[PDB]
Amino acid sequence: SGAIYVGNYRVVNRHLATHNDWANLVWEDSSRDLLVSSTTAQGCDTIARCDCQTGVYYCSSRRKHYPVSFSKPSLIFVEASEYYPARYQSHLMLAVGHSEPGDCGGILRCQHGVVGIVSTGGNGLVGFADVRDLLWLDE
Ligand SMILES: NC(=O)[C@H]1CCCN(C(=O)[C@H]2CCSc3ccccc32)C1
Ligand SMILES: [Zn+2]
Numbered sequence: 007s008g009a010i011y012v013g014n015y016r017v018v019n020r021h022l023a024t025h026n027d028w029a030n031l032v033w034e035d036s037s038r039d040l041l042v043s044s045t046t047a048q049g050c051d052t053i054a055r056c057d058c059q060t061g062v063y064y065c066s067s068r069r070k071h072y073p074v075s076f077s078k079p080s081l082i083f084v085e086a087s088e089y090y091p092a093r094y095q096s097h098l099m100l101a102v103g104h105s106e107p108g109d110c111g112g113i114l115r116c117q118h119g120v121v122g123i124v125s126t127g128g129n130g131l132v133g134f135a136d137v138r139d140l141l142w143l144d145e
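Residue numbers (the deposited numbering): 7 to 145.
Take a look at the structure:
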């Protein structure tokens, strides 16, 4: 679990969005596993606007942060799950690091701000949904 809170927006994994997220929907994209809902309170987070390929993510299944080298946002095949059919997920970045399904929502950060959230993983990999291209999150 986990979310990004920036301005009057809450960014979560689309497959973990709540009834309240859908009732306050701003934007969603199944191909990216992202959903953004509106909030009444002002957020605590800053979004990175950069091309970093190194950063630190929070892993809830270890209660620890780990440093990672990650690939640029890309289209990657993701096997079927209870949430989605087998499909290509776009704007996904892969790295070597521990992750389990409940780690989705953990934040990846570089020195500039939030980069993205855990969205895929397994077998010693961890995949992050990028949010740095969503310029409207700042306005
Ligand atoms: N974005 C998706 O389509 C997700 C939906 C939930 C399931 N997905 C995973 O990749 C699982 C694989 C087992 S291990 C694992 C560790 C971390 C995170 C997620 C997973 C795909
Ligand atoms: Zn950066």
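Here a beta-carbon is modelled for each residue, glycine too, at the ideal position from N, C-alpha and C.
Give the straight-line distance between the Cα atoms of residue 122 and residue 79, rounded to the nearest whole angstrom.
Numbered from 1 along the sequence shown, position 116 holds the residue referred to as residue 122. Numbered from 1 along the sequence shown, position 73 holds the residue referred to as residue 79. Near 10 Å, if we compare the C-alpha coordinates of residue 79 and residue 122.
What does the Cβ neighbour count give for residue 126, buried or exposed, with the cut at 16 atoms within 10 Å?
Against the sequence shown, residue 126 aligns to sequence position 120. It is buried - the Cβ of residue 126 has at least 16 other Cβ atoms within 10 Å.
According to DSSP, residue 93 sits in a beta bridge with which residue or residues?
Translated into positions along the sequence shown, residue 93 becomes position 87. 84, per the DSSP bridge assignment.
As a quick check of your reading: which residues have a C-beta less than 6 Å from at least one non-hydrogen atom of ligand 2, in chain order?
54, 56, 58, 116, 117, 118
Is the separation between the beta-carbon of residue 102 and that of residue 130 shorter than 9 Å?
Indexing the sequence shown from 1 puts residue 102 at position 96. Indexing the sequence shown from 1 puts residue 130 at position 124. Going by C-beta atoms, residue 102 is nearer than 9 Å to residue 130.
Under three-state DSSP, which class holds residue 26?
Indexing the sequence shown from 1 puts residue 26 at position 20. In this structure, residue 26 counts as helix in the three-state DSSP scheme.
DSSP three-state label for residue 73, please.
Locating residue 73 in the sequence shown gives position 67, where the first residue counts as 1. Note: residue 73 maps to strand in three-state DSSP.
Tell me whether residue 56 is buried or exposed, calling it buried when 16 or more other Cβ atoms sit within 10 Å of its Cβ.
In the sequence shown, residue 56 corresponds to position 50, counting from 1. The residue is exposed, with fewer than 16 neighbouring Cβ atoms inside 10 Å.
Excluding the 5 residues flanking residue 71 on each side, which residues of the same chain have their C-beta closer than 6 Å to its C-beta?
As a first step, residue 71 must be located in the sequence shown, where it is residue number 65. Cβ within range, chain order: 62, 64.
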